[PDB]
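These notes are about the structure you will find just below.
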Amino acid sequence: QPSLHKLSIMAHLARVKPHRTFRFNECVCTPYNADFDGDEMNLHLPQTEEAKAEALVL
Amino acid sequence: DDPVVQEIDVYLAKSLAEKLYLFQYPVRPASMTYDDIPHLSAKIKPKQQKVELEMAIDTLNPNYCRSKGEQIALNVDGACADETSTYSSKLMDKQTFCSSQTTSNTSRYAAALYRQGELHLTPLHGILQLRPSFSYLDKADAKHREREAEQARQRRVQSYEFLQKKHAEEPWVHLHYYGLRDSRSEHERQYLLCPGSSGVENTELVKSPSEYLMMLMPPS
Amino acid sequence: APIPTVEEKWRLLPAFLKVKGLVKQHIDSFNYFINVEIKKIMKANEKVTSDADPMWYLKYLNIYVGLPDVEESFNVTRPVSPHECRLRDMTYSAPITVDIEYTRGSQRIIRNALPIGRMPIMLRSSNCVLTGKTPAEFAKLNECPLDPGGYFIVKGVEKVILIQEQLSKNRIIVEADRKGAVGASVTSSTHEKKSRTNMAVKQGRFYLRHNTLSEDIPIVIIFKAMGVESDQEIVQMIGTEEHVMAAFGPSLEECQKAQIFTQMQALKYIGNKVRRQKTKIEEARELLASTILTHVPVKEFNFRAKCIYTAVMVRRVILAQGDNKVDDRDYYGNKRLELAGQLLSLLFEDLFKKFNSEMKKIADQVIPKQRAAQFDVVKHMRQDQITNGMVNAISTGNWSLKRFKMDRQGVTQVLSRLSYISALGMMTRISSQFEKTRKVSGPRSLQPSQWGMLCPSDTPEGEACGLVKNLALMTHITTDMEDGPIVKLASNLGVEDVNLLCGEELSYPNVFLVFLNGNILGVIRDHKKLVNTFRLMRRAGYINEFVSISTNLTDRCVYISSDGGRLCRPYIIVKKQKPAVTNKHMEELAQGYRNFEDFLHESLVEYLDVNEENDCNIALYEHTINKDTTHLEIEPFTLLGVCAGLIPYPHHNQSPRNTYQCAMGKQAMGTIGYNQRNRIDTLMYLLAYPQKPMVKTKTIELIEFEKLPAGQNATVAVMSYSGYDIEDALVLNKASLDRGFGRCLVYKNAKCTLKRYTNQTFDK
Amino acid sequence: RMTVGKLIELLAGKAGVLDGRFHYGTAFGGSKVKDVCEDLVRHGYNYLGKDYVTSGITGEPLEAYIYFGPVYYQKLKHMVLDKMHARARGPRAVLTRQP
Amino acid sequence: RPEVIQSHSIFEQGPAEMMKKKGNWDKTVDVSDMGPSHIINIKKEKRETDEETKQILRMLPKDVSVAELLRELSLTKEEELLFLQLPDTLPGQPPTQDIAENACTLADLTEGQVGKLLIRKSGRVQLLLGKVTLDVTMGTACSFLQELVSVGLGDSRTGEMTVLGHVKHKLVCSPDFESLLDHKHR
Amino acid sequence: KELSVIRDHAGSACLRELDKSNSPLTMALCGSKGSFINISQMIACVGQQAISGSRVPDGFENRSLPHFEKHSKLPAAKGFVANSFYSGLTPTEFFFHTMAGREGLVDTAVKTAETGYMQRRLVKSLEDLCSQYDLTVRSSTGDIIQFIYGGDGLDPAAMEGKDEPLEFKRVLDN
Amino acid sequence: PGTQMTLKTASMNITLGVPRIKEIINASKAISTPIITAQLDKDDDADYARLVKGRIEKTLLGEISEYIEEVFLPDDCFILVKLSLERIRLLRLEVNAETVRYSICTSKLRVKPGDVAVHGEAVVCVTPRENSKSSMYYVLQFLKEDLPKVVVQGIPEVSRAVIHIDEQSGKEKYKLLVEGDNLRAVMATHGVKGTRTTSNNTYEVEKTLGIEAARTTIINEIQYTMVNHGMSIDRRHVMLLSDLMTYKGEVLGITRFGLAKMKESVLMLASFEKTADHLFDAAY
Amino acid sequence: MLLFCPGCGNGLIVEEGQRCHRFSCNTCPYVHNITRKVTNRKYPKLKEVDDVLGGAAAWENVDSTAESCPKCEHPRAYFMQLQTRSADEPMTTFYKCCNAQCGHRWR
Ligand SMILES: [Mg+2]
Ligand SMILES: [Zn+2]
Ligand SMILES: [Zn+2]
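Right, here's the structure in full:
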């Protein structure tokens, strides 16, 4: 949520899994400055094919 | 240690118990006494003590400026009235001291005329500060301003006009001043002494240390 | 040879917690309110007088509060427990009965109990139904024995009046200006007035500023306005050194530019400057004797004692521009803490004056008009004004008193019941004065004046880091004193009056002023004799033991403070390198032949204030005592607060970790109390199988955390396992989770009201 | 973070459960390390809490010793079942037609 | 004004500066030995420190009580006026004065010997006023004029005003709380 | 200077006696978490506790706490700690350490309102700029800011060297 | 990298961190602690250093005058000031009594050149006149405190200076850190190499050495502040920031006034502040 | 300097009369003829000389038959006396020796 540089928001390819938490690889903790101590991270699902493609490429 | 020196007996006098005052001049040092200056008049009220003096300043001394004295005497009084006036002559001769009262209770201060191994206390009836007054500039501006041109519950005791009216009702008393150098000061200075024997046991001041500590520090 | 240690000196702390500290601060303020201050407000407003038709009056004789009650539908009343008030969503209140005397033609008509309103009773105070009871009798009231109390109950929610922090009023503060100037000010507050006067040096000439005056006026005009007209006496009161006169010169040279030489002329000069709310002279004389520097009294319009005080202000400005030893707003000798009593005093005073004014308005309308038969005012006591005022001001959180110009918002918070430490921690907060204006970083830092008064570790993390603070374990906030015998003891100890001298004695090197809460009592030589004799009269019990006396050897002032709301702290007196507490004394304490008050009266323990401990030399342990010690620290672990008392070995961690633990310990799921099953709250988390800690602090044994704990002992390996534990994450055990580890219950609430309307129709 | 207090809490709790005491971790005092080391060595554990530990996955023992002990964990109120939230489309404001 | 001012390496002689400075203001027009030009030696203007009044001329430490009484006794046999402050209550009874343990001032005492001033060895001055010992300390020393006057209203409308002498020093008497508490502790 | 010598020599003495396969030493050598300052600070000697780049300012009249003599400038009385985190701080050292820690906490509390407003101004001023196809950087109206982006025309996101597009020695060894 | 700066750091305290970047991009005309770094040609000796140091450091008349006195004579009254020429000789100044004559009559109550005499090589008298504008002839007290606060030698804007030394073994030269905000004067004194001296305050370099030197000053100063905190920014970013500030010939801020001069927009400025006056004036 | 009237205690001003310059009150007739030289010296604080003398300054106080310095017992040293504050201070004595393979600072 506190978005300092432009890598505070990136696009991942989602995969569904049973438990109730967003689970990303820990090598990506340095761009978000996440720390896994109860931190929350927002999700945004684009609704248009142009938005998917611009998210995936850029 | 033993009190090897000065077993000074402290005596008490009451002849001047209601007469004795202490004047202090906040603006005049120790060396500059008033023993030489001629005193003209002394005004007083006994209850609500407010002493007013008038001292005369000479004119032929070099410290007096007549070029300003003529002008300020013309500014204060009328040029040729001479019936009522703050100054008799055409020059500023008199200097008025007005007092302000320091404390209400003066029961806890006493003068002490020390002598050859003995000490004579005497209670004071009042301590006053005598400051030189600037009433003449206000009378000058008064003469200048006249030359140009089922009620609700009230509170008068805590205002200024009623307090001046309450103090104005007590009549003045005029006094014959006597200097330090006169024989009358030496005549009345022996009223600070008290005729008594050398050693007389006091029938008063008998209360114990514990009674004294209880007495000055009362229980709530 | 080592100094022999009193090893059982620790017991002075559980004996101290029986009486003072650990929410008993709030309770001892509210008892002070409902036992003296409501009578003092009633004495300040004892008689109303209708304007039309005089010699008809209402005269309040005495006031009371009494035990709590409840009003029901069929005019029946019954005493109530607090828990019934929590469940039924009402307010736990007691009715204010006042006895009046008044006139109905018959000149003496008396009543003995006329109820006019309902005071909310704070729990475990003198009027509450809980105090003095045994743990067998809290069961019949459904109340926990460990519930600390000190929180109100209004409309079913539990509200706590937070301890407000203020700057100490009626004291000379030398601060810097924005543009580089140095000016002094004093927020002169009494019970009837609050206004800030100033002193500005904006050209090298001393201007005084005030909210009343339209434009700032020079200071020598004011000195001439206050009955001293000679310039020599002014410069005597300022000071007789050379550079003081050199700095004050252009202010004298200003007053000779205008023709201000007489007091009437100066009052005329001021009378043109007054914002007009006899017009010229009286509006300036009453202004000088009532509003500028209003905390200094004027007896019979004798302005001498106010001239000396404003000369002291100008002398401090001059000596402060020479070397920049300005005072700081952050020293906790200059703070005062306003408890629940000193807000309920203001609230009840404003509501009671609006009550008397509304009654006088109704009486003024109805007496000359309707009928010749004399009415009674007993038919005109609408209780809803007092009740709705008290309840709305507690339950809402804003204290808009237009009489006192106070518009504080967010005084009361809902008492957080996440666990036991959360309740006990919110009962000891101190909310700061600024309340997040901007990032000043001046009062947010930890000043060293908070030693043993406030907690170094416990502060919130976030936007409020450093403003909200927490009281320590072994502190005590004073109440207001009688003010009487301090003056009479001070006059016997050689304090010459200020009226018996000119200002030249103020600038001597051997002459110290004395103050008393901002008013000059006089001057004195040999201040060490005064201070030591005053302390020996304090330790013998002739003076109330919270009266502190300090000495400021730079500014040459001997302060004697007696106002309430400042932080005190007990110590053990040390007389010539030996503690005054001997092992026989702690043995008598452990057997019960004496208690902590008998340690106070035998000159063994005395309460230092922050201002008094500025001059004392305190040793922490027994082996630190050298020849210049006066006081010994009772227990050094009372430096830390309550929530920092949960931490085991807190002096081994890096200090941010203690602050993060003080934040997280208020959120731990635990047990609220023994009544936690009979208790319907908004959101209540319980732990299924709590356990008491395995490494426990003495603070845990004092506040009884081990009787209802929050957390479970877990067998913790410290190893790296499977890489799912990278940034602070931790791996649990599935079998431990299945057998009961960390099992927690969540209780929620769902309420529905079925109201009856103004029409005779009902919800169903 | 230099939380050496956790490393002493683990040790003193381990030395406390083995003989039924509660050790004090009082600020500026409390039971030192030198006492709980001897209290552990009297019961047959190592004097520093590190234990020979066998891995459950492979069955083979581990190269470094592992530091066991009972530490007082406490569950905080921030649970994920109250914080997980989603919105596809739902109620909008009446005035500014946005969620 | 010429701006390009010139300078040289030579060193200024000390006496040459001294004698130039001397010649700049040692000139005097005091030849006018006349009335206006004359000046009264006892009415010089007041320099501000009142002990230090003399700025123009024809050309301090603080004493203690035993030093003051030693000077007033041995150094001069001339009598001297002191001004002493007493505590609020003196350890006595008002004799048949219609009482309640009020204040006991000097106005409720009689004439005669009322106490003994004991100067001890090494500065300690006690005022034994009975069984109890008051303590005497030097108060804030005044430097301005204090005249000790008498006012006698012998007639209803007029009276006599007489100065007895100048008051120079001030004493303060204060109780000994250490001794009063060490008699019986509380 | 003398207290920095005490801390640095205590650190250089505590690091020499640690064994290899010590866990803080491995975690400091591989740079994963920690450093040598932390190992020295929790074995040997916690250093001077500096508030705003100086020693502890006096919070009382000419002394830091009441537990020291007036006008002393000793090392223990103005903030220096001798104990490690292993042997545990004494109460005065603990209070000085908490004074030094709340500065870090309050700086992190200030940092949001200190830096977000500056970045909001920089965004609103700079966001219109774009790199056109003729390799000029023009504003919203079309005035030229730069004729070529940064002189060379190169992206900072693709710099293999120290602010230079290649490092030729590494490419030749490749 | 403003988020990574913990405001971390023998004399000449400089502000670093987020407030220094904020002072740079605000482009305010007066900044807290400007420092002019000056270079000396004859960089060998401290005797050469302290000469020009005294030539640029502000020295007060009271700091060299051993006594300043008011003398009343029967025929005249004046203010005699004796200069301590031993301390002038040791501080190595180009002043004498005639220089102190010229430094006075510079904006002090309209004093005349005839009102000052040069009686010796060490003494100066000042005979005051009536001000005739809300003052009295006893203005000698104003002159008796104001006259030590006049400056006879040095730059009127420079508060203080300090000699700074290098450390390398091959050489030893003395640079001169000057804490003042008048770059034009420091560059023009004899003995200071004007072709190699810089500043911190960007507006002074804009006023003195042009807009392009202001651009280079902004580049070097932002990169200096970023390097002192261990963060690294590629130079193209601060280069574009410096070119955005100076593409209209004058150094502009990132505040709302400079943003009003760069951006023509109405709704952009109406989002920022100023409740409705922009909208009603833009309608007007 | 402030000087005040013995009569009323207002502040005096200097003016000129027909034979002398006078101190005169503004509100009462008191005047005081300035018959002789009267003065008031400020004596302000001079600059610090500690870094001014270091590094081979233009000292001159050395004289024939001057004492040798006490450590080296050679006359290869300068010595000086200066006021450090205003010229009412009694001058302090200080000396520094600079010789081959020998650097020291003394008082
Ligand atoms: Mg986090
Ligand atoms: Zn006069
Ligand atoms: Zn040598």
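Protein chains in written order, with the UniProt record's numbering: chain R, 465 to 522; chain P, 6 to 154, 183 to 253; chain X, 18 to 294, 303 to 789; chain C, 937 to 1035; chain Y, 99 to 157, 245 to 284, 312 to 398; chain W, 754 to 927; chain E, 1044 to 1052, 1059 to 1333; chain H, 1 to 107.
Note that the Cβ used here is the ideal one computed from N, Cα and C, for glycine as well.
Check, Outcome
"Cβ of Y/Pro246 within 9 Å of any chain P Cβ", "no"
"Three-way DSSP call (helix, strand, coil) for P/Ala147 in this model", "helix"
"Opposing strand residues paired with Y/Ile108 [DSSP bridges]", "Answer by DSSP bridge pairing: none, since Y/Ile108 is not bridged."
"Same chain only: Cβ atoms within 8 Å of X/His610, ignoring 5 sequence neighbours per side", "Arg619, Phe624 and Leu629"
"Residue closest to W/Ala862, alpha-carbon to alpha-carbon, out of X/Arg463, X/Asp70, X/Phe223 and X/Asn738", "X/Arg463"
"Chain-ordered residues of the stretch 482–509 of chain R with a beta carbon less than 7 Å from chain C", "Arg484, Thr485, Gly502 and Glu504"
"Residues that DSSP places opposite C/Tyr1008 in a beta bridge", "X/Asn738"
"Chain P within 9 Å of H/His32, Cβ atoms only", "yes"
"Amino acids of chain C, ordered along the chain, whose beta-carbon sits closer than 7 Å to that of W/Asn791", "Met938"
"Check: X/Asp750 C-beta below 8 Å from any heavy atom of ligand 1", "no"
"Segment contact flag, the stretch 776–784 of chain X with the stretch 632–639 of chain X, C-beta cutoff 8 Å, min 3 pairs", "no"
"Interface positions of the stretch 417–441 of chain X facing chain W (Cβ-Cβ less than 8 Å), listed along the chain", "none"
"DSSP state of X/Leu629 mapped onto helix, strand, coil", "coil"
"CB of X/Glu192 within 9 Å of CB of X/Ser202, strictly", "yes"
"Min CB distance Y/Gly327 to chain X below 9 Å", "no"
"DSSP three-state assignment for H/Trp106, whether helix, strand or coil", "strand"
"Span of the beta strand (DSSP E), counted from its first residue to its last, around X/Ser456", "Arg454 to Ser456"
"For Y/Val384, the residue or residues it bridges with in DSSP", "Y/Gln270 and Y/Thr349"
"Residue(s) in a DSSP beta bridge with P/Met60", "P/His44 and P/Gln100"
"H/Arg76: CB within 8 Å of a non-hydrogen atom of ligand 3", "yes"
"Three or more C-beta pairs below 8 Å linking the stretch 55–67 of chain P and the stretch 126–143 of chain Y", "yes"
"Cβ pair X/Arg293, X/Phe326 closer than 9 Å", "no"
"Close Cβ partners of X/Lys773 (< 7 Å) along its chain, the five nearest in sequence each way excluded", "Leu708"
"Neighbour-count burial assignment, X/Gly366, 16 or more Cβ in a 10 Å radius", "buried"
"Neighbour-count burial assignment, H/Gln18, 16 or more Cβ in a 10 Å radius", "exposed"
"Per-residue DSSP class, three states only, for P/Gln11", "coil"
"Amino acids of chain E, ordered along the chain, whose beta-carbon sits closer than 9 Å to that of Y/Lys118", "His1168, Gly1169, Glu1170, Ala1171 and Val1172"
"Among Y/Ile108, Y/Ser355, Y/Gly351 and Y/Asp273, the one whose alpha carbon lies nearest that of residue 3 of chain P", "The question about residue 3 of chain P has no answer, for chain P in this structure spans 6 to 253."
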